[PDB]
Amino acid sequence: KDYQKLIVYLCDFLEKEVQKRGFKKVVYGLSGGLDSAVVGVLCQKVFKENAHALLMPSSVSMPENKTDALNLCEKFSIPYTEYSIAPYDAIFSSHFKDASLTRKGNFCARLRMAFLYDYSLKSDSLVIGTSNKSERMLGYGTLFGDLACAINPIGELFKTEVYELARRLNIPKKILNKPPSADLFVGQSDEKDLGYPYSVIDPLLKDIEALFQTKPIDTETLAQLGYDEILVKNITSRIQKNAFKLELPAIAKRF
């Protein structure tokens, strides 16, 4: 129950990493969801007015999410800026009508990466990421999109742990009770895309991280732990298919 210890640890991390790089200001995307709310509150405790939230709704971003984001900023005195990327996704939709929801969402996530980095350069700030360990392991995120940042304080925290941390940070119940959703298209949700809730995925991901962090996953070993055959096959496939997102691009060694 020593989450106060964890909060101090993460705040110290943010302070040290930003300082060692020669910066004193940070920016991050605030979506109205749990993860970015946690990152926003942590940065506010460390940089106060020097931590800035950037809200970037799209043409399909759900309205409620944005208002919840604004309410968070007012509650925690977080300076913010609202910048719509709708004019950009509108062009993409007109040029690629039959584009899959995934392609449309990935473009938006990258547009967000671009404006966060643009904002950072013009204001001399660093971009703080919000991807949690569950998403990172599953590769549930857009490469060079929401996975793009300079520093990420909750990258080794599983989704269930980010939630527990959020409670200690007094994150609004509105955001705490909100089901995870990339919000890249109307009706999207982590549970629907993944097929299982984080209450079922996280326990398995934790054993996989402990047993096979730098070695191949042994589905038979996981089977012995009492995990559903189908569940293991599905989660293992996702992890192995997206392992590349956690690695640097392959560069031919000097001849």
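Each residue number is its position in the shown sequence, starting from 1.
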Report task. Return whichever of 219-227 and 54-62 has the greater mean Cα B factor according to the PDB record. Result -> 219-227
**Report entry** Mean Cα B-factor comparison, 168-176 or 120-128, giving the higher one as deposited
**Finding:** 168-176
Query raised in the report: Out of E135, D183, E156, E161, which shows the largest CA B-factor listed in the entry?
Result: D183
Report summary line: In terms of its chain's C-alpha B-factors, the third that includes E82 is the middle
Query - Third of chain Cα B-factors occupied by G40 - result: lowest
Report summary line: Sorting the chain's modelled residues by C-alpha B-factor and splitting them into thirds places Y28 in the lowest
Requested in this report: Determine, from the deposited record, the chain-internal third of the Cα B-factor for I151: lowest, middle or highest.
Outcome: lowest
Report task. Just say lowest, middle or highest third for the CA B-factor of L205 relative to the other modelled residues in its chain. Result -> lowest
